[PDB]
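Peer 1: Just dropping this structure here.
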Amino acid sequence: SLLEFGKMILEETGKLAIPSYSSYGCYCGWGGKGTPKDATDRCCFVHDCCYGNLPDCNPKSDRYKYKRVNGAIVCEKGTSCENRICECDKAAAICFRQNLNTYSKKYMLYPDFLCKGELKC
Amino acid sequence: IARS
């Protein structure tokens with residue numbers, strides 16, 4: 001679920017999902033066009049594609065369980081949708097962590113009109 | 001909830 005993804009993001013990065021990643025660039029929280037602005041935005045692009053791989057799942061509301069094995073996120077077994085949603089979220093959270101070094105506050109609240117063109121997943 |  002979105003709240004769980006948010007908790008995962010905070011655990012990984014120390015930033016609150018809202019507002020640090022809810023309106024970032026072209027793809028983080030609400031976005032489907034444009035060239036991703038940087039590596040963090042590409043995390044969201046891929047995450048959006050990942051959710052797109054699950055048309056019959058409900059990633060925003062369906063809850064999954066996960067644990068930590070010495071820092072590492074381990075998605076626990078739920079329904080097939082839950083497992084796949086968790087893997088998408090885990091990847092994005094790790095990606096945000098991997099790219100914290102280039103995160104730029106100038107991409108927060110990024111205006112929609114600066115996001116043009118469809119990029120295939 | 002905001003999308004993704």
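Each chain in the structure tokens gets a letter, A, B, ..., in the order shown, and its residues are numbered from 1; ligands are numbered from 1 in order too.
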Using only C-alpha atoms, find which residues of chain A lie within 10 Å of chain B and jot them down as a list in words.

Peer 2: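 Filtering chain A at 10 Å from chain B with only C-alpha atoms gives residues 1, 2, 3, 18, 22, 23, 27, 28, 29, 30, 31, 32, 44, 45, 46, 47, 48, 49, 50, 51, 52, 59, 60 and 61 of chain A.
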
Peer 1: Identify all residues of chain A in strand (DSSP E) (DSSP on the backbone) and supply them as a ChimeraX atom specification.

Peer 2: /A:66-69,72-75

Peer 1: Could you state the separation of atom CA of residue 38 of chain A and atom CA of residue 25 of chain A in Å, given to one decimal place?

Peer 2: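 Going from atom CA of residue 38 of chain A over to atom CA of residue 25 of chain A covers 8.0 Å.
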
Peer 1: Give me the residues within 6 Å of residue 36 of chain A as a list in words, counting only C-alpha atoms and dropping any in the same chain fewer than 3 places off.

Peer 2: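 In the requested format, the answer is residues 26, 41 and 42 of chain A.
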
Peer 1: Could you state the separation of atom CA of residue 83 of chain A and atom CA of residue 17 of chain A in Å, given to one decimal place?

Peer 2: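 Between atom CA of residue 83 of chain A and atom CA of residue 17 of chain A the gap is 21.3 Å.
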
Peer 1: Extract the full set of helix (DSSP H, G or I) residues from segment 27-115 of chain A according to DSSP on the backbone, and format it as a PyMOL selection string.

Peer 2: chain A and resi 39-52+80-98+100-102+105-107+112-114

Peer 1: Please list as a list in words every residue within 9 Å of residue 16 of chain A, counting only C-alpha atoms and excluding residues in the same chain fewer than 6 positions away.

Peer 2: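 So, after excluding close chain neighbours, the residues are residues 6, 7, 9 and 10 of chain A.
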
Peer 1: Rounded to one decimal in Å, what is the spacing between atom CA of residue 57 of chain A and atom CA of residue 43 of chain A?

Peer 2: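 Computing it gives 20.1 Å between the two atoms.
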
Peer 1: Which of these, A:91, A:74, A:97, A:37, has the shortest distance to residue 13 of chain A once you count only C-alpha atoms?

Peer 2: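 Ranked by minimum distance to residue 13 of chain A, first place goes to A:97.
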